[PDB]
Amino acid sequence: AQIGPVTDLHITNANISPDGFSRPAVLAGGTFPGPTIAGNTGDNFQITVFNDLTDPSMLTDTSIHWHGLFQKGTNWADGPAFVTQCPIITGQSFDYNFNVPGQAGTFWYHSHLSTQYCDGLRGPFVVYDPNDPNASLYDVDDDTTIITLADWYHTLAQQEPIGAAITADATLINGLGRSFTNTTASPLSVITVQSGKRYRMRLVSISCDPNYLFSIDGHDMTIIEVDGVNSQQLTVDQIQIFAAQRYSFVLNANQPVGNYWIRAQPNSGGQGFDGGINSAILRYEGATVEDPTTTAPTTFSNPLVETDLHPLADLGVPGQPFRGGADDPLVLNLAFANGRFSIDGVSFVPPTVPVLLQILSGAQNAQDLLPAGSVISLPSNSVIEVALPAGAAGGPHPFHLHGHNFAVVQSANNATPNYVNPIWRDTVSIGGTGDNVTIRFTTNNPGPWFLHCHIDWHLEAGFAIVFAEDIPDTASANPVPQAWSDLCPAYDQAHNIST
């Protein structure tokens, strides 16, 4: 069952074996992935998070981010530790009480403390639209049509070296899959469809690192949503999905009744499908209960290319149709050396006092804010352009902005910008050497918004900056509840920190 929009959510430690290998984890709702949190557009969500964690090897503090939800007027509920709150300590709870005006689509939630979401705290978050403009394109859209793609590690996250190339041990599809080494024939996930029906499959990358080449043997996929943004229909036979991205696609159950492989090939870790790694099963009602015998093609003739995507609505692009054609045009210098990432010469290390609390206490320019050099102010009611030229080791890096989606004016592997009708999204691959992926948005959401690579190991190694958007209006726009004001005193008392 789905939970929400008003619900408790307990965060616990437990042993799990999603690939046949037992390890302890950090779980929401007792499962991997966590339960789907769901509501309708414009609803009030009140997710009361109970921190019941006791195992220090995966951290006993926590904080949860609602990925892709704008949090307008509720910046304190966004979740990134030391940006918008101090962590919740064990034995305490915290009500994330916010609204979702003007958004409907496929989202997710995850820990936003250190690399803790890798240890298991990740689940889907769906905001349905009772008047969805795409409703007539499918018959079925429910918890059974959500498809999660996850990387899974046998080593606990707090034992992964900082700045290292860290590699997973299994790909999990809907929580199940097989290990790349010492492979055992552990259970594979089954997605069941009825011949003749059309399904809104909500594809969610809950990855901590790899991108996946996702396909379904014998089937094609008609994309209708990208990171919460409705798209024109685009039919493809393969989707390369980067960490934290989402797509909805229509699956037409139009092939013979049978079993078909679902494939998710990561860019690192195990390559291919031997022993049923990187796989799940699409089963038609009436098919024999047996593994598929289907083949992938040698090459995919209609792969997703990001520049083929266009919004369903007339969203356009803000600003002027040339590079630098914005009120505040930025170019970030994105680098890696010696185990640490940097942005504009500064490696991100979380501050002692969360950025939002520093601003509410009166710090009112970005040079007064800590960490020094890690906070850039943005002016209010202005068009922002951010160029993100690639080249830093460990790519391709999927960059994500909190508090906003953005027009993708230039995509990976294509030097031509699009000032007319590019897709809008919230997480974007910045590509490869020489690329100049560039995003635009307008500043109508006061508060500190994190910008970072969504490969969680890279974030931990410093690949982040904070956009302090409209510092002067942050306090008036974001009134804070007493429970939020209580978090830093409690956290610092528990950890013997003086501030």
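Position 1 is the first residue in the sequence shown; the rest follow in order. What we label the rigid core is the largest C-alpha set whose atoms superpose within 1.5 Å from one form to the other.
**Farther-lying stretch by C-alpha RMS in 8 other deposited structures of this protein, rigid core as reference, of 155 to 163 and 269 to 277** = It is 155 to 163 whose C-alphas lie farther from the shown form in 8 other deposited structures of this protein.
**Greater Cα displacement in 8 other deposited structures of this protein once the core is superposed, comparing 126 to 134 with 164 to 172** = Per-stretch check in 8 other deposited structures of this protein: the more divergent one is 164 to 172.
**Prompt:** Between 162 to 170 and 403 to 411, which has the larger average Cα B-factor in the PDB entry?
**Reply:** Per the PDB record, 162 to 170.
**Message:** Mean Cα B factor from the PDB record: higher for 130 to 138, or higher for 227 to 235?
**Reply:** On average, C-alpha B-factors are higher across 130 to 138.
**Out of 332, 277, 356, 204, residue topping the C-alpha B-factor column of the entry** = That would be 332.
**Item:** Identity of residue with top Cα B-factor, from 103, 71, 307, 93
**Value:** Largest recorded C-alpha B-factor: 93.
**Prompt:** Where does residue 284 sit by CA temperature factor within its chain: lowest, middle or highest third?
**Reply:** It belongs to the highest third of the chain when residues are ordered by C-alpha B-factor.
**Message:** Using only modelled residues of the chain, where does the Cα B factor of residue 119 rank: lowest third, middle third or highest third?
**Reply:** It belongs to the lowest third of the chain when residues are ordered by C-alpha B-factor.
**Message:** Test of reading the entry: by CA B factor among the chain's modelled residues, which third contains residue 80?
**Reply:** It belongs to the lowest third of the chain when residues are ordered by C-alpha B-factor.
**Item:** residue 221 by Cα B-factor - lowest, middle or highest third of the modelled chain
**Value:** It belongs to the middle third of the chain when residues are ordered by C-alpha B-factor.
**Request:** Among all modelled residues of this chain, ranked by Cα B factor, put residue 35 in the bottom, middle or top third, i.e. lowest, middle or highest.
**Result:** It falls in the middle third of the chain.
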